[PDB]
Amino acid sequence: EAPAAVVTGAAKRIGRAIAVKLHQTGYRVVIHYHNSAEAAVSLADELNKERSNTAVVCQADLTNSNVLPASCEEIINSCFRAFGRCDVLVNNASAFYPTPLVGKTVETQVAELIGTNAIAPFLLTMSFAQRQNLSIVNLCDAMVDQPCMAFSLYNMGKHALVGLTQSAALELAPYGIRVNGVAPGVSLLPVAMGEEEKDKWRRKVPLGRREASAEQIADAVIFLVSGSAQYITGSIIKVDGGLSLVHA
């Protein structure tokens, strides 16, 4: 029987490349999405064309609220309903925007940034464990200790996620569930970003003066879920071309 994976925010960019590479490895995939219905569906049809009945989609908002635990439970439940098992959880979905200290209310920013980056991964982890080569892979950030100016909530969420990865690895090890992170430095830059600002970041990267492809990020996820990683838990693998090593 083919194993199954849930990948959150899988419609586009890194999460898409993760879903694709997992599918190519032989995984059936639950493609979670929030706003990107058309892209999520186009991905599912592409993958089902490859092998029928191997891809489904799951819509949920991952903002923190009093319904988020039920939403996260439902996303895990969807994988079991589609595929009768859930072997891999990838916490990829992420809100990302500045929140300076000095039109969204602040409580909404907290809900979105802490919810997507930290609380939803925690609830999903809970649901995943309660329902049981099992592992969870969290998309972290190589630059968590050298954060972007005015990104306190985002950075707090990514720091929290490190704590989740470590705490869950310890707690779930007896159940044989491994929990690891992949930490991009600069990968796919925002779509709006002018090439000239993209280049300011690219130039900082020691290995090649370029950003990671989504596929390069996905390669590290693939390693962490594979049988080549079966003693690996609580580890966060930077995929950053040495960017985090560069002083000011």
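If you superpose the two forms and keep the largest set of C-alpha atoms that fall within 1.5 Å, you have the rigid core. Just count from 1 along the sequence shown to find any residue number.
- RMS Cα deviation from the shown model in 8 other deposited structures of this protein, rigid core fit, is larger for 193 to 201 than for the other stretch of the pair 193 to 201 / 62 to 70.
- Comparing the two stretches 184 to 192 and 214 to 222 by root mean square C-alpha distance in 8 other deposited structures of this protein, with all structures fitted on the core, the more displaced one is 184 to 192.
- The entry models residue 102 and residue 103 with a gap of 4 to 9 deposited residues left without coordinates.
- According to the entry, the deposited sequence places 10 or more unmodelled residues between residue 132 and residue 133.
- The mean C-alpha temperature factor is higher for 191 to 199 when 205 to 213 and 191 to 199 are set side by side.
- Comparing 111 to 119 with 172 to 180, the stretch with the higher mean C-alpha B-factor in the PDB entry is 172 to 180.
- Take 47, 30, 41, 220 and read off each C-alpha B-factor from the entry; 220 has the highest.
- Highest CA B-factor among 155, 91, 167, 127, as stated in the entry: 167.
- Placement of the Cα temperature factor of residue 76 within the chain: middle third of the modelled residues, per the deposited record.
- When the modelled residues of the chain are ordered by C-alpha B-factor, residue 63 sits in the middle third.
- Remark: residue 15 belongs to the lowest third of its chain, ranked by C-alpha B-factor as recorded.
- Residue-level temperature factors show residue 144 in the highest third of its chain, judged at the C-alpha atom.
- In this PDB entry, the Cα temperature factor of residue 23 sits in the middle third of its chain's modelled residues.
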